[PDB]
Amino acid sequence: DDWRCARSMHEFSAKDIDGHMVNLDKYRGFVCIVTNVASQXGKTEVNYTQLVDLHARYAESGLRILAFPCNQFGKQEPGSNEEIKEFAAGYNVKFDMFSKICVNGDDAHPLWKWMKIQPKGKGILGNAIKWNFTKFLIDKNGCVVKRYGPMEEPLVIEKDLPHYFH
Ligand SMILES: *CC(=O)N(c1ccc(OC)c(Cl)c1)[C@@H](C(=O)NCCc1ccccc1)c1cccs1
């Protein structure tokens, strides 16, 4: 793996929640929120509902959202990809759902390895993803511009968006 010398999210690919490989260069020109999700957390509802709200209000300006299920934080994403897809449909998710991945350790998805080492990808303590619903904001060139932690509701991202819609 060569993820350490990539300069953009657009260099990566990942399987969507149906199992189909997606080239992330399709997000060239778009502002993106990339987030790790889980279905069985106290903060699942607030995160899904607010992401849906942001997508509803900003998709017209080029906001896209990429949600990666992950079972590494309390084992609270135990379901199959098909089950998680249906779960997300219950919140009327219209953004992009991906297949379940790891975000930490040697088998972390390479996009996640890459985001964590970006200058604006470092967490408050360090690079490791700490819990469910970490959020990365990605500019139109696929560069990491901000990271928001598990404790930060997605609506805190809203005030930062206008700058990246130039
Ligand atoms: C996914 C998550 O954030 N989370 C969690 C929930 C449940 C379980 O085990 C059953 C585990 Cl290991 C982690 C949080 C959490 O949601 N805390 C709020 C209280 C709650 C809400 C709904 C369901 C169960 C608990 C936890 C992190 C540490 C302990 S619980």
Side-chain angles (χ1 to χ4, degrees), residues 1-17 21-38 41 43 46-48 50-73 77 88 93-166:
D1 38 283
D2 56 19
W3 58 272
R4 290 187 177 274
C5 59
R7 282 155 177 91
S8 174
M9 173 178 83
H10 305 157
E11 301 187 36
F12 298 92
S13 298
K15 278 149 51 185
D16 74 20
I17 200 156
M21 189 64 70
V22 173
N23 193 147
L24 305 184
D25 72 1
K26 76 188 255 187
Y27 294 101
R28 190 181 290 115
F30 297 93
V31 174
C32 306
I33 298 169
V34 180
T35 185
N36 61 301
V37 305
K43 290 186 175 69
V46 69
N47 274 273
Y48 270 98
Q50 289 185 3
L51 294 163
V52 165
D53 175 41
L54 285 174
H55 186 241
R57 294 190 289 110
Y58 290 92
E60 273 179 2
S61 295
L63 189 65
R64 296 302 180 263
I65 304 181
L66 294 69
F68 289 88
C70 183
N71 198 41
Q72 290 185 296
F73 304 106
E77 190 72 302
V93 169
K94 292 164 181 58
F95 53 79
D96 303 318
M97 296 292 300
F98 288 81
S99 285
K100 193 193 313 192
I101 60 168
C102 291
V103 303
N104 292 325
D106 288 318
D107 202 16
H109 189 281
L111 173 63
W112 286 76
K113 296 188 180 177
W114 174 84
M115 288 189 304
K116 288 186 293 175
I117 69 163
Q118 299 312 290
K120 294 298 206 204
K122 188 183 293 302
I124 296 306
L125 172 54
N127 290 354
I129 306 308
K130 299 310 189 294
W131 202 246
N132 305 296
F133 302 106
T134 304
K135 303 92 170 154
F136 293 83
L137 185 61
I138 309 298
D139 74 16
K140 74 176 193 76
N141 298 322
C143 297
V144 177
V145 294
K146 198 145 168 187
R147 179 175 168 164
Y148 307 81
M151 300 166 80
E152 305 192 53
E153 288 178 7
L155 286 181
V156 309
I157 310 172
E158 189 170 356
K159 73 184 71 65
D160 300 329
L161 297 176
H163 176 77
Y164 300 103
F165 292 109
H166 295 281

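Throughout, numbering of the chain's residues begins at 1 and tracks the sequence.
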Looking at every heavy atom in both [X] and [Y], which two are closest together, and how far apart are they?
X: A14; Y: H109; result: CB-NE2, 3.5 Å
X: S13; Y: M21; result: CB-SD, 3.8 Å
X: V22; Y: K26; result: CG1-CD, 3.5 Å
X: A38; Y: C70; result: CB-O, 4.1 Å

Taking the side chain as C-beta and beyond, is there a heavy-atom pair between [X] and [Y] under 4.5 Å?
X: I65; Y: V52; result: no
X: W112; Y: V34; result: yes
X: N36; Y: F73; result: yes
X: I138; Y: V144; result: yes
X: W3; Y: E11; result: no
X: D1; Y: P110; result: no
X: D96; Y: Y27; result: yes
X: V37; Y: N47; result: no

Using 30° and 60° as the class boundaries, would you call the ring planes of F95 and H55 parallel, tilted or perpendicular?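 If you compare the ring of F95 with that of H55, the planes turn out perpendicular.
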
For atom NZ of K120, decide whether the heavy atoms of other residues, nucleotides or ligands shown that lie under 6.0 angstrom number more than 12.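 Not buried by this count: 12 neighbours or fewer within 6.0 Å.
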
Applying side-chain contact (heavy atoms from CB on, under 4.5 Å), run through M9 and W114 and close with a yes or a no. CA-CA 8 Å; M9 173 178 83; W114 174 84; 4.2 Å; yes

Let me confirm one number: the [atom1]-[atom2] distance from [X] to [Y], rounded to the nearest 0.5 Å.
X: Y58; Y: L63; atom1: OH; atom2: CG; result: 9.0 Å
X: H10; Y: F30; atom1: NE2; atom2: CZ; result: 9.5 Å
X: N127; Y: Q118; atom1: CG; atom2: CD; result: 10.0 Å
X: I33; Y: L51; atom1: CD1; atom2: CG; result: 6.0 Å
X: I117; Y: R4; atom1: CD1; atom2: CZ; result: 5.5 Å

Would the distance check show the side chain of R64 and the main-chain N or O of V31 forming a donor-acceptor pair, the cut-off being under 3.5 Å?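 Flag not set: sc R64 to bb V31 has no pair under 3.5 Å.
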
Counting distance only, does the side-chain N/O of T134 pair as donor-acceptor with the main-chain N or O of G149 below 3.5 Å?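 Judged by distance alone, no pair lies under 3.5 Å.
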
N/O donor-acceptor pairs under 3.5 Å from side chains in residues 97-107, not counting sequence neighbours:
unit_1	atom_1	unit_2	atom_2	d
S99	OG	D16	O	2.7
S99	OG	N81	ND2	3.4
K100	NZ	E77	O	2.8
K100	NZ	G79	O	2.7
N104	OD1	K116	NZ	3.0
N104	OD1	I129	N	3.0
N104	ND2	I129	O	2.9

Would you tell me whether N141 and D139 have side-chain atoms, one donor and one acceptor, within less than 3.5 Å of each other?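 Not at all, the side chains of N141 and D139 share no donor-acceptor pair under 3.5 Å.
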
Take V46 and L155, measure what side-chain contact (heavy atoms from CB on, under 4.5 Å) needs, and give me the verdict at the end. CA-CA 10 Å; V46 69; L155 286 181; over 6 Å; no

Could you name each residue pair satisfying salt bridge (charged side-chain N to carboxylate O under 4.0 Å, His left out) that touches residues 147-166, not counting sequence neighbours?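 Pairs touching residues 147-166 that pass the test: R57-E158, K146-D160.
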
